[PDB]
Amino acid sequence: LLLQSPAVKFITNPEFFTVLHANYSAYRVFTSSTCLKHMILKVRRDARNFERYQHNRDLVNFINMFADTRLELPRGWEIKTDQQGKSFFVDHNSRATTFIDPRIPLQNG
């Protein structure tokens, strides 16, 4: 499940670590964690782990560091927002909701 999600595509992409190192603060979040780094490495080894960790707040916040909110949302996605302005993302294509912004890199192999 979720093997074609933007988050799995990004985390398991050949160039994930290049994109990570190019974002210094994201690099700090990854490098200095224990649990987040462990979860990212588990997903990279076995992508089934992403669905298992999909709503984990630290994983969501980390992947959202890479979101480019200047881009259009991809076809079929909708943003909804909290009274507190927290955004969530509905992929009406797969009828699934996530806190992770689909406008993250490394989506196409």
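The numbering used is simple: start at 1 and walk along the sequence shown.
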item	value
21-29 or 92-100, whichever carries the higher mean Cα B-factor	92-100
12-20 versus 82-90 - greater average Cα B-factor per the deposited record	82-90
Given 70, 57, 48, 37, the residue at which the Cα B factor reaches its maximum	70
Where the record places residue 42 (Cα B-factor, split into thirds across the chain)	middle
